[PDB]
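# Working through the structure, step by step
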Amino acid sequence: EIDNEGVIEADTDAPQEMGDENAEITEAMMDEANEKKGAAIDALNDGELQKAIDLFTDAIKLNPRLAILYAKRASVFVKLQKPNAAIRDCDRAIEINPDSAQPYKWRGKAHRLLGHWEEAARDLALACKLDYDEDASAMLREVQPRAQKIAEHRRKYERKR
């Protein structure tokens, strides 16, 4: 008996626009993506989450090798209850800088939204050791016994199987 509270329906959209991972990023471009970054936060404080996503995407296309632009867009994406698109962003952030804690914080929420108990118990616990937050901790403590219970069930099964 597993408590599926807070668990929603997986987003079934086309991949959001990523960058050109292998593109030349110039001084101008680098400036031009920074101003967009600032504006996309201005929208995020103010609550216009979709204007944030467009302004993060507009930055990502000019500076596709900046891990924060992917950590922060997936910050928004979780709010719009879009975990796969979050995960998509997060996976791109780590692949750049795995030393950054945010990509594991959000990707762990994304997994929590989808009901991936274990997947979530890792990433959160990992972000808690990379850069502790009370928001990550509280989430982890919530997921823990779920992810435990599921993993304990997974054994007893795969053992017979």
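The residue numbering used throughout counts from 1 along each chain in the order its sequence is written. It may not match the entry numbering, and residues with no coordinates are not shown. Note: side-chain values were computed over all heavy atoms of the structure, leaving out hydrogens and water. Residues with missing side-chain atoms are left out of burial classes, side-chain pairs and their counts.

- The protein chain carries the name Hsc70-interacting protein in the PDB entry, which gives Rattus norvegicus as its organism.

## A few points about the packing of helix α3 (residues 67–79) against helix α5 (residues 102–114)
- Note on method: axes are straight lines fitted to C-alpha atoms, helices fitted across the in-contact stretch only, with angles between N-to-C directions ranging 0 to 180 degrees. Numbering goes from the N terminus for both helices and strands, where a helix is a DSSP run of H or I of at least four residues and a strand is a run of E of at least two. One can describe the packing of α3 onto α5 by two numbers: an axis separation of 9 Å at closest approach and a directional angle of 25°. By the criterion of interaxial angle, the relationship of α3 to α5 is roughly parallel. For the pair α3 and α5, the crossing hand works out as left-handed. For the pair formed by α3 and α5, the contact residues are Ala-71, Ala-74, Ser-75 and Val-78 on the first element and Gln-102, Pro-103, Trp-106, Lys-109, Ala-110 and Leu-113 on the second.
- Residue polarity is assigned by list, with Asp, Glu, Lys and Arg as charged and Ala, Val, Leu, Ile, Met, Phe, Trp, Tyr, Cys and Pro as nonpolar; anything else, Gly included, falls into the polar class. Residue composition of the contact of α3 with α5, grouped by class: seven nonpolar, two polar and one charged. By definition in this entry, angles of less than 35 degrees are roughly parallel, angles greater than 145 are roughly antiparallel, angles of 65 to 115 are roughly perpendicular, and the rest are oblique. Take the far helix as the reference: if the near one is turned anticlockwise from it by less than a right angle, the crossing is left-handed, and if turned clockwise, right-handed. The contact criterion used is simple: two residues touch if any of their non-hydrogen atoms lie within 4.5 Å.

## So, helix α4 (residues 83–94)
- A helix is expected to reach a length of 1.5 Å times the quantity of its residues less one. In a regular helix each residue adds 1.5 Å, so 12 residues correspond to 16 Å; α4 covers 16 Å between its end C-alpha atoms and thus fits that length.
- The buried count for α4 comes to nine of 12 residues, which makes it a mostly enclosed element.
- For α4, every residue scored as buried is listed here: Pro-83, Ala-85, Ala-86, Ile-87, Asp-89, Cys-90, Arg-92, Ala-93 and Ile-94.
- Against α2 (49–60), α3 and α5 lie the buried residues of α4. Note on classification: 1.4 Å probe, protein chains only; a residue is buried when its accessible area is under 20% of the maximum for its type, exposed when over 50%, partly exposed between these limits.

## Section: the packing of aromatic side chains
- What counts as a ring pair is set by centres within 6.5 Å for rings of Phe, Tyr and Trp (its six-membered ring), and what kind of pair is set by the plane angle: stacked under 30 degrees, edge-to-face over 60, tilted for all other angles. Within the structure shown, the criterion is met by zero aromatic pairs.
- The ring centre of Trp-106 lies 5.5 Å from the NZ or CZ of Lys-105, which sits over that ring.
- The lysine or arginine in question, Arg-146, covers the ring of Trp-117, its NZ or CZ lying 5.4 Å from the ring centre. A ring has a charge above it when a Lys NZ or an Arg CZ is no more than 6 Å from the ring centre and no more than 35 degrees off the ring normal.

## A word on the environment of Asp-13
- Looking at the element boundaries, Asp-13 is found in the segment before α1 (27–46).
- Along the backbone, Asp-13 and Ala-85 are 72 residues apart, and their C-alpha atoms lie at a distance of 8.2 Å.

## A few points about the side chain of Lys-105
- Mapped onto the secondary structure, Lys-105 falls in helix α5.
- A relative accessible area of 5% means that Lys-105 is categorised as buried.
- Any pair of N or O atoms that falls within 3.5 Å is considered a polar contact. Within protein, one atom must be able to donate a hydrogen and the other to accept it, and sequence-neighbouring residues count only if both atoms are side-chain atoms. There is a polar contact of 2.7 Å between the side chain of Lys-105 and the side chain of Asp-133.
- Contacts of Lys-105, omitting those with residues within four sequence positions, involve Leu-124, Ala-127, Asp-133, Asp-135 and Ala-136.

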